[PDB]
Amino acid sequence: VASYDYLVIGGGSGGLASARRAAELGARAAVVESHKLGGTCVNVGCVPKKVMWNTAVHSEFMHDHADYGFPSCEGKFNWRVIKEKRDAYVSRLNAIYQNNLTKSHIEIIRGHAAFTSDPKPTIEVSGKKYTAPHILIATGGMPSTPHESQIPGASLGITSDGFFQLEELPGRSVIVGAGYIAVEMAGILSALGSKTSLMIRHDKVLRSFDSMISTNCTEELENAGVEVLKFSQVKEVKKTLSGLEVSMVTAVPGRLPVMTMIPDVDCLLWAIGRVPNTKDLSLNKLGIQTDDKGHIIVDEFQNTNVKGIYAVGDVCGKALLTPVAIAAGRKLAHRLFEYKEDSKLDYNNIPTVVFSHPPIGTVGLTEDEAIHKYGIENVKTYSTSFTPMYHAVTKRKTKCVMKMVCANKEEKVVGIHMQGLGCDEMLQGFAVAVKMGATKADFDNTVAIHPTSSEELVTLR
């Protein structure tokens, strides 16, 4: 039984970040990883997604070429070219992460970890035992798929993982789900030329975002050529002579349900949720608490219910983002190895960018959330809607919408929501301002940068 100061199960964002900081602090750490280092973000998430987004962005910009004084650009996007380049780049990152671990003197234990029956918390990987007084579970999650029992033929569809395996651009694609991943995938496939449908159970996407954003985002998708199938769900999927045939039920409220067949589908992409990876951990041997989806339950300090066992990142099921897993993993290392007992991540005011077209940036409370927290009488919002100057000379148009949610007399900024060209890079510093507790006067007292989109947020009235 090899003993370490810190054993981290999972070599993705949270697990690596935590292991690296711990090692800086003098800890003797080891990371168990059964697949590729970098985990979801590098292999099948953040990185490959962004590359595909940059590609889709090229496609749109190329539509404006002639408007800008150039000759029309004519053609066909070649999926395999970019796919090969994207894979290579992921390969480069995996090699860097491995090197980062080595330079830090962190041991990499390759294989699938599981807890043992042993009294003092101990794991087994490939027959060998490993123990530490602090063990971090950072095993992440996976895409959720429907059971054949509920939706026959569901296994004919792919997930976001399968999306990163595709080698040709699917001619006809149907995406099921209304969350950010669904939105992102629909936007990429459509911009690159796939005849794309997005099938959502209600009338808008991103229903948990501020309502200005869910409305605007739904319209932008339609305007970009994505067919949004509202109040619809899949009833069955079948393999026809040439592709898939999707049977769906559309049930608009105030109307009779109607069943429709969608034929000749090349790609059926389930983007319905993520499930935690805890199933094969043998958690029950230690009696570690999970919720009914399999998420590990933790407190504000990432503690599980068992002493010396922690969990961070996707596996915990809250704020499923690369930077949160990293920040939580880091704060945890400072708490354990630097003896900073108050060291923990604040889960409020975490900013998010959704890589739609145009991108979305959000931080803090939606208007409804502020209304429930402070009361209608105490909430004031400011908003603007305009066409960015980039489109002054284009036939194709996109809008920029921004909304500021203020609370109390002081007009504290408690929420910022926007969608528009450049909003992906614009959000970070306002997130800093929001975290510091800025009020509207603080924004108003900052001299604008002209001509930009960003200047609209400091000149709202």
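Residue positions are given as counts along the sequence shown, with the first one as 1. Under this definition, the rigid core comprises the largest set of C-alpha atoms superposing within 1.5 Å between the forms.
Core-aligned, which moves more in 8 other deposited structures of this protein: 215-223 or 70-78, by CA RMS? Between the two stretches, 70-78 moves farther in 8 other deposited structures of this protein.
When the Cα temperature factors in the entry are averaged, is it 196-204 or 275-283 that ends up higher? Of 196-204 and 275-283, the stretch with the higher C-alpha B-factor average is 275-283.
Looking only at CA atoms, which has the higher mean B factor in the entry: 305-313 or 119-127? So the stretch with the higher mean C-alpha B-factor is 119-127.
Select one of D64, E425, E33, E411: the residue whose C-alpha shows the highest B-factor in the crystal structure entry. Of the options given, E411 has the highest CA B-factor in the PDB entry.
Using the entry's values, work out which of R330, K293, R92, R86 has the largest Cα B factor. The record points to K293.
Ranked by Cα temperature factor within the chain, is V434 in the lowest third, the middle third or the highest third? It falls in the top third of the chain.
State the tercile, meaning the lowest, middle or highest third, of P359 with respect to the CA B-factors recorded for its chain. Lowest third of the chain for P359's C-alpha B-factor.
Consider only the C-alpha atoms of the modelled residues in this chain, order them by B-factor as the entry records it, and name the third containing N445: lowest, middle or highest. As the PDB entry reports it, the C-alpha B-factor of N445 lands in the highest third of its chain.
Among all modelled residues of this chain, ranked by Cα B factor, put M142 in the bottom, middle or top third, i.e. lowest, middle or highest. It belongs to the middle third of the chain when residues are ordered by C-alpha B-factor.
How does the C-alpha B factor of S72 compare with the rest of the chain: lowest, middle or highest third? Highest third, going by the recorded CA B-factors of the chain.
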